[PDB]
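I have placed the structure first, in the form of structure tokens, so that the comments after it can refer back to it.
Nothing in this text is a laboratory measurement; each read-out follows from the coordinates by a stated rule. Please note: Cβ atoms are built from the backbone with ideal geometry, for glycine as well, and neighbour counts cover all protein chains shown.
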Amino acid sequence: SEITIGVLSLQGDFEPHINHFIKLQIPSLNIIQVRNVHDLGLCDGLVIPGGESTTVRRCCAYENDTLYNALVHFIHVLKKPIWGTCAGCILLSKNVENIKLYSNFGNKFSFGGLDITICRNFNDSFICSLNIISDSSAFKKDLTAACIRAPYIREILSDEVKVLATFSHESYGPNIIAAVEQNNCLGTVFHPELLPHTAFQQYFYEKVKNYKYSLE
């Protein structure tokens with residue numbers, strides 16, 4: 001079957017995320033940039049990366065929020081798989097704290113999808129070992145994550161949110177939440193493209209594959 005995963009690309013610096021899925025070497029997988037609603041329509045799943053949530057959001061605001069509204073629909077009506085990483089994780093979140101830049105978009109800042117409170121704030125680079133709460137073969141023992149000015153997940157707001165991975169750091173403390181999953185949404189605070197392994201990419205691919213299978 002042909003599976004297409006898109007990577008939101010408007011904000012730039014998206015190539016390493018694309019490369020990391022290509023490294024999976026999975027015959028059935030195509031990756032595309034997503035810059036507009038036509039591109040989004042071709043996607044079975046979408047990755048939203050980025051360093052800065054406000055930048056990615058402004059990129060979606062063009063033409064009276066045309067792409068923003070399509071993303072909301074994609075997430076919440078179509079229920080297509082979405083992976084928000086770093087900035088994208090912020091933009092899936094219910095409550096966003098410490099984003100400073102006042103938004104021309106108000107309560108239309110987030111796309112929603114993860115019932116969490118997240119803090120941008122806003123030392124601050126390290127590799128952590130992950131405790132991953134999963135039976136997926138994507139996750140071998142002792143995997144790592146690169147946290148660079150990572151957002152902080154302060155609150156889980158629904159029992160529907162599954163804490164997928166946590167870590168301990170001799171600062172921040174124990175049981176820092178690194179990855180969450182809720183329905184069709186996956187969120188990670190780290191940079192999955194900046195470590196050689198491809199575990200989260202593989203997991204998200206399988207999520208998209210299972211979605212496509214469910215449809216039919």
Exercise for review: List every residue pair whose Cβ atoms sit under 9 Å apart, with the two residues 6 or more apart in sequence or on different chains, where the first one lies in the range 14-35 and is farther than 27 Å from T55 by Cα and the second, anywhere, is loosely packed, with under 13 Cβ neighbours inside 10 Å and of a type in the set (S, T, Y).
Suggested key: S28/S1
Exercise for review: Evaluate the following for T144: is it in contact with a strand residue (DSSP E or B) (Cβ under 9 Å, 6 or more places away or on another chain) and more than 17 Å from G84 (Cα to Cα)?
Suggested key: yes
Review point. So which residues in the range 32-64 are surrounded by 15 or more Cβ atoms within 10 Å (Cβ to Cβ), over 25 Å from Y152 (Cα atoms) and out of contact with any helix residue (DSSP H, G or I) (no Cβ under 7 Å at 6 or more places or on another chain)?
Key: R35, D39, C43
Practice item. Restricting attention to the range 65-88, report how many residues are over 24 Å from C119 (Cα atoms) and either of a type in the set (K, R) or crowded, with 21+ Cβ neighbours inside 10 Å (or both). Key: 4
**Study point:** Matching residues, the range 95-135, being out of contact with any helix residue (DSSP H, G or I) (no Cβ under 8 Å at 6 or more places or on another chain), of a type in the set (S, T, N, Q) and farther than 21 Å from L71 by Cβ
**Key:** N98, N121, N123, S125, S129, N131
Revision key, fill the gap. Checked against (1) out of contact with any helix residue (DSSP H, G or I) (no Cβ under 6 Å at 6 or more places or on another chain); (2) surrounded by 14 or more Cβ atoms within 10 Å (Cβ to Cβ); (3) more than 16 Å from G88 (Cα to Cα), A138 satisfies every condition except (1)
Review point. All but one of (1) under 18 Å from the mean Cα position of the chain (by Cα); (2) surrounded by fewer than 15 Cβ atoms within 10 Å (Cβ to Cβ) hold for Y102; which doesn't?
Key: (1)
Review point. When you look at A138, is it touching a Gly at 6+ places or on another chain (Cβ under 7 Å) and of a type in the set (A, V, I, L, M, F, W, C), yes or no?
Key: no
Study note, to complete from the structure: Wholly inside the range 1-107, strands (runs of 3 or more DSSP E) that include 2 or more residues that are not aliphatic (A, V, I, L, M) are 3-8, 29-34, 82-85, 93-97
